[PDB]
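One structure below.
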Amino acid sequence: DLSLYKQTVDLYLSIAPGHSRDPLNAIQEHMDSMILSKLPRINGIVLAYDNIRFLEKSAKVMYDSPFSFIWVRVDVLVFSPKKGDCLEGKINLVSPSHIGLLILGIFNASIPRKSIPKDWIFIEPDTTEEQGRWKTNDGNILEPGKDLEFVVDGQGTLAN
Amino acid sequence: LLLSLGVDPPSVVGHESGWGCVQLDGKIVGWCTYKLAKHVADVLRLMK
Amino acid sequence: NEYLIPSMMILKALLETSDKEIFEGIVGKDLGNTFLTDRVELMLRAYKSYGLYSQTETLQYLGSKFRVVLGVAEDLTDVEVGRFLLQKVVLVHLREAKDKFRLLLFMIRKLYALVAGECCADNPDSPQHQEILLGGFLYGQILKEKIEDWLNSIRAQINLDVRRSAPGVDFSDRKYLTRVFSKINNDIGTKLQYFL
Amino acid sequence: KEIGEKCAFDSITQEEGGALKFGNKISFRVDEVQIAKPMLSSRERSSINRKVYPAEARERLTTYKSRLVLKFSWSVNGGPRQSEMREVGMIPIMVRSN
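As they're listed, the protein sequences go chains A, L, U and P. Residues in the first sequence are numbered consecutively from 1311, following my numbering. Residues in the second sequence are numbered consecutively from 3, following my numbering. Residues in the third sequence are numbered consecutively from 97, following my numbering. Residues in the fourth sequence are numbered consecutively from 4, following my numbering.
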């Protein structure tokens, strides 16, 4: 669905003293650290950030730390999969205890057989024991059906 | 090839004094005098 | 265990053969070769001393004599036990009993020739009379051995399953087969790894 | 194949019968042996289930084994002889081999 989110947040950034010539320098310096790392304040993973502008306060310096602090406004791109609704992924590993899916080619999904309706069955091949087809109740085979659509619980669910 | 070559497996005893036995890895297939034996050997390796 | 059964016994048991057929196969040549003739006669006579005549009687006698060390199906019959022997031990490389018989003839013939110095002693202590064992081959052989012990173990489990009183006795329910499959130890790969 | 098959049943003592009867006879045998490649510790671990090259088995100091499958066949003293695969463990594999 529309699981993508962009949110302009305001943070209390710690400007190093050596980058006193330009704050934007040290701002992006650690801003490149937040990317792809979960911002727990919003409980999502940083995907993009722009509009690096500070509420101009000529940052107040700590009482005993030379690196100062200031409030800055930036616009994050967190992706919130908070068990909202139907999402979809490409299956990468398939074995009759859980299914491994990739959402957006990055994030992982382990839908266990219990959250899967019992009616679907697995075939355990000859070349591979576990790398095989969790053929659905319908009999439709799932590997070439690389995309699987499902609902999220937090972690996935196939039971209807 | 052995049958076409001068030996034969008998049913009732096709065996006499100067006749030698030929063995295919533990299976009697025929008999021939030793001259025929050596000649068969030579021609067979030659075919091989 | 070593086991010694008279050659003449297994001979007449192998093929529905007349003793004249034996004699004319063993030494049929140069009619009246002294040594071969008198020895062969003694052999036929010493077996005749106690033995039986037709092939089936000897087959049944053999089966009834050897049904124990055989792990064969206990219930079926007795003459098929003898055929089991004749197929399973005597000359396993061969399959046609008449051909086995011809070769046994050739073999005892060569043996007698060796008795009278008519042939030099083969040297087993020479790479002439010798071949090599590989790894994969012995690997397959021991593997087959464990296969068979596994089959015999699961058969034994089904047997004791019947034997207790009748805990579960239904050779038609796949559930029962699942239960007994779990009942036996279903790992052998560790056995081969163990040996290696 | 040259192993054959094994029988089991309920033996009723003959007791002068001579043909000690038995009905529920099962004769089972393995149809074939399946040796697959040594997959990665087969049971899924939420990763791309790949293979294990022997170098790794050297490193982790572990034997180099691959699953072993039998094709078990039945008989209910009729003609059912349906099949099923039984894993009987994992056995080693030699380097560079087939």
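Every residue gets a Cβ at the ideal spot worked out from N, C-alpha and C, and that includes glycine.
- The beta carbon of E176/U does not come within 7 Å of any beta carbon belonging to chain L, so the residue lies off that interface.
- According to DSSP, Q37/P shares a beta bridge with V72/P.
- Taking 3 residues as the minimum length, the beta strand (DSSP E) runs contained wholly in the region 1362–1426 of chain A are 1378–1386, 1396–1405, 1408–1413 and 1417–1422, in order along the chain.
- Per DSSP, reduced to three states, the secondary structure at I94/P is strand.
- In the three-state DSSP reduction, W246/U falls in the helix class (H, G or I).
- Within the same chain, Cβ atoms closer than 7 Å to the Cβ of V98/P are found at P57, the five residues on either side in sequence being excluded.
- Using a 10 angstroms sphere on the CB of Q25/L, the tally of other CB atoms stays under 16, which defines it as exposed.
- Bridge pairing for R89/P: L73/P [DSSP].
- With fewer than 16 other beta carbons inside 10 angstroms of its own, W1381/A counts as exposed.
- Of the residues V1386/A, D1463/A and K1367/A, the one whose Cα lies closest to the Cα of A1358/A is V1386/A.
- Contact of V9/L with chain U is not assigned, every C-beta pair being separated by 7 Å or more.
- Residues of chain P with a Cβ closer than 7 Å to the Cβ of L100/U do not exist, since the nearest Cβ in that chain sits about 26 Å away.
- Within chain L, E18 and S19 have C-beta atoms less than 9 Å from the C-beta of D126/U, given in sequence order.
- Within chain U, not a single residue places a beta-carbon under 8 Å from that of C34/L; the smallest gap is close to 14 Å.
- A check of alpha carbon separations from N52/P across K1456/A, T1438/A, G1464/A and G1449/A identifies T1438/A as the nearest.
- Residue contact with chain A for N52/P: present (Cβ-Cβ distance below 7 Å to some residue of chain A).
- Boundaries cannot be given for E1440/A, as no beta strand (DSSP E) includes it and DSSP labels it neither H nor E.
- The Cβ-Cβ distance between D174/U and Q156/U falls below 7 Å.
- By the Cβ test, the region 66–80 of chain P is in contact with the region 27–36 of chain P, since at least three Cβ pairs between them sit closer than 8 Å.
- DSSP lists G22/L as the beta-bridge partner residues of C34/L.
- A Cβ-Cβ distance of about 5 Å is found for the pair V33/P and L73/P, placing them in contact under the 8 Å criterion.
- Within the same chain, Cβ atoms closer than 8 Å to the Cβ of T16/P are found at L23, the five residues on either side in sequence being excluded.
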